[PDB]
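Here the Cβ positions follow ideal geometry from the backbone for every residue, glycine too, while neighbour counts run over all protein chains shown. What follows draws every value from the coordinates through simple rules; no lab data is involved.
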Amino acid sequence: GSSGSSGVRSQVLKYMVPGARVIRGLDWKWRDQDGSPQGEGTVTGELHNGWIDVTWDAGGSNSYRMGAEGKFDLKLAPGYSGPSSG
């Protein structure tokens, strides 16, 4: 195959799957939903129409804008790497 310099938006969405790890994003305008201090969460829904659900540990799940309006509220966890394919 062919490849080169990597760098494209809507990348995280490729990992936005139900069962992965995610944390608060830069577009986090909401309060500490996953309790405090800040903690890591766990996606439970697939990003549909730019909206993915996540069930935080604290005890609460909800949908967060991940492209619907061009705002990524959620992001990959600090140390999480896409699921190996092979």
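Do you know which of the residues in region 52-81 that are closer than 16 Å to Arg9 by Cα and not charged (D, E, K, R) is surrounded by the fewest Cβ atoms within 10 Å (Cβ to Cβ)?
That would be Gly70.
For (1) within 12 Å of the chain's Cα centre (by Cα); (2) free of Cβ contacts under 8 Å to residues at least 60 places away in the same chain; (3) in a strand (DSSP E or B), each residue gets a yes or a no:
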residue: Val22; (1), (2), (3): yes, yes, yes
residue: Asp27; (1), (2), (3): yes, yes, no
residue: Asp32; (1), (2), (3): no, yes, no
residue: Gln38; (1), (2), (3): no, yes, no
residue: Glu46; (1), (2), (3): yes, yes, no
residue: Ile52; (1), (2), (3): yes, yes, yes
residue: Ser63; (1), (2), (3): yes, yes, yes
residue: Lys75; (1), (2), (3): yes, no, yes
residue: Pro78; (1), (2), (3): yes, yes, no
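Of all residues in region 1-42 being loosely packed, with under 10 Cβ neighbours inside 10 Å and hydrophobic (A, V, I, L, M, F, W, C), which is farthest from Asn62 (Cα to Cα)?
Filtering first and then ranking leaves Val8.
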